[PDB]
Each structure stands twice: as structure tokens, then as C-alpha cells.
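Quick heads-up: the C-alpha cells below are two forms of one chain, split into structure 1 and structure 2.
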Structure 1
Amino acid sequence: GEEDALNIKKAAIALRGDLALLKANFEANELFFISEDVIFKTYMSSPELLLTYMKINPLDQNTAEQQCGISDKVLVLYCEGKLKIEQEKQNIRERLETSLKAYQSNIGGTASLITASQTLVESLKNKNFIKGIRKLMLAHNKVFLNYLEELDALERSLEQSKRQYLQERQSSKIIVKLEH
């Protein structure tokens, strides 16, 4: 009763938090996948488009001469292209790792809470349905028993009516004898 409804309330709210966290993780991934697919269809789709992109969007002058200080300007593009790929792999690893960690942080509690709350809800529905059948049978039993009691009462009233009739009859016979 009180306990079961209270346990359903605690579990529901904890479970809502868990699912909200799992969902935000999935959604953050989907948002990343949309922007990242674009990249893979454009400047990360071939060495040619990467090199073209790196000519227009160079890396900072600092890192440039720092990492790819090369005489041949074409080789600089290749070098910067490689660094751009390496930075992207790191970006992707970090997001993957964040996703794994966020999922792992909530999945156990989620699976447990789902199982417990759904079983508790189901338990209460079954009990209530079975209880409703038994309650209806009890009510039918009372109706039958009430008829038997109404018949016992009627029988006692009939018997009392008969004893009164006999007193009236006795009286009637006395009177008619007197009127003769």
C-alpha cells in the first residue's frame, strides 16, 4: 500500500534521471554525427579536397613553422593535412570515450530500475484484478445469503400472521354462537 506506492515514486524519479542522462548522451552523439558526416563528404573525403582545404584554411603560423617548417610549400600542405587528420582522430576518440563513460555511468541503475518498477507495477495490477474477481464473488454470496434471510423473516411473519388469524377465528366463532 503506502510502501509500494512510495517505492514506485522513488524508483520512477531515479529512473527518469537515469533515462534523461542516457538520452542526452545519445542526442549529443547524434548532433556530432550530423556535423561530422558533412566533414567526411567534403574536405575529409579525399587527399585532394583536404589539401585544397588546408591551403585556404591554414594552421596557425606558430604550429606551421613549428611542425611543418618545410621549404616546399606543397609539402607544407601535406604536413598540415596530416596534423589536421591527427587532431580529428583525437576529437573522435575523446567523444567516444565520453560517450562510453556516460553510458556506463547509468546503464546498470537503469536496467535494474526498469525491471523493479515494471515488476512492482505489474504485481499491483494482477493483485487488483484478482481481488476484483474475489470481491465480486463475495458480493454474489451476500446476495444469496440475504435472500435466505429474507425468506426466514417472511416465514416468521407468516407464522405470526397465522396465529393472529386463529385468534380472530376463535373470536368469530364465539360471536356467531352468541348471535344464535
Structure 2
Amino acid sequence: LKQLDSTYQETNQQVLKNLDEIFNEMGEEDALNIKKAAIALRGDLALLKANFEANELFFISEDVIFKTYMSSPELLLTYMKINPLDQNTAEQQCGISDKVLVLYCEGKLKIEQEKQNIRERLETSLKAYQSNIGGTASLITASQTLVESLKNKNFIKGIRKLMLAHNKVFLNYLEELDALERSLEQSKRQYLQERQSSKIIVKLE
């Protein structure tokens, strides 16, 4: 049982952690729909958690009963001697001359009372579970699909964006060489100007 809890509680935290990842008329109703589902799933999980915690509290106190005065007939009858029933029920159901048989009768009633207390708690636990489980499951499935979808988009985006950056670097080298080449043709043009000037000047004595 102790293990089953830690598994349940990691599931619980992690699903909630997933939900924390958050912040035309078709997409309006969707954008709402997502966050309505998130608060709906927080509620669901809160109710299921409280219900598991209620049972586990009951189990601790109940286990002690089955170790002590519900552990054997002898201990039951000793316990009933010390803790008799309301004279109300003892008159009506256990009105017997034999005091020992009264003790047996009271023991039987106490067992029936405890059976009932356990039945009631189980039925309560089943209803809490049953009224949240189908919606909870759907909502977990929905949000995992969202987690998946976003991660997936980000993995692929991470590959594209680097590739586009690499292409920009390559194309930039080409831009730079074009600039360098036009700048060199211009330097050539000025050299040719300077040397045709120098030719003319030197010729003149």
C-alpha cells in the first residue's frame, strides 16, 4: 500500500505540473476550453486525493480495532464486559436472564454495527471515485495530448530554426563577398584613374 501511494502521488504531482504549463470563433472556444478543462482536472484530482486520504486515515484506526477487541471472541467479550451497549438496544434485543448470553448477544450486535460502518465507508469511497474517475481519465488524456503536442512542435522547431540560422550565415558570406567584389572593382577603377594621370604628368617633362 505504501508504494501504491508514492506512485499515485507522483502521478498526482506530475499531472498538476503539466497543467502549470499555461501562460477565430472556432479558436476562441478552444482557448477557453483548454483552461476550463485544467481547472476541471484540478478539482477532480483534489476530490480523489481527499477520498484516498480519508480511507487511509480510517484504515490506521480500523487496523488497531482488528488487532485489539475485534481480534478474537474472548477479547470481544472482555471488551463488551467493560463497554456494554446502550440499555436501549440491550433491553430490546438482548433481554436475557443469562448475563453471559447477554454479553454474547451484545458482541454480535457490535460486529453487525462495525460491518455497517465499514459498508458505509466503502460505498462513500466508491461514489466519490465513480463520480470523478471517467472525467478525470478523459482530462488526463486530453492534457497529455497537449503536453505531447507542444513538446513535439518545440523539438521540430528547434531543428528548423538552427537550419535557417545556418542558411543565413552561408548567405551572409555571399553578401560579404559581393560587397568585397564591388569594392575591389571600384579600387581598380581608381588605380586606373591614378595611373593614367601619372602617365600624362610624367610625359610632360
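Residues that one form lacks are left out of the comparison. Structure 1's sequence is the ruler for residue numbers, which start at 1. Take the two forms, find the largest set of C-alpha atoms that superpose within 1.5 Å, and that set is the rigid core.
Lined up on the core, residue 31 has its CA atom moved by 0.9 Å between structure 1 and structure 2. Relative displacement of the residue 7 Cα between structure 1 and structure 2 on rigid core alignment is 5.4 Å.
Considering only residues present in both forms and aligning them on the rigid core, one finds just one run of three or more residues with C-alpha shifts of 2 angstroms or more between structure 1 and structure 2, namely 1-14.
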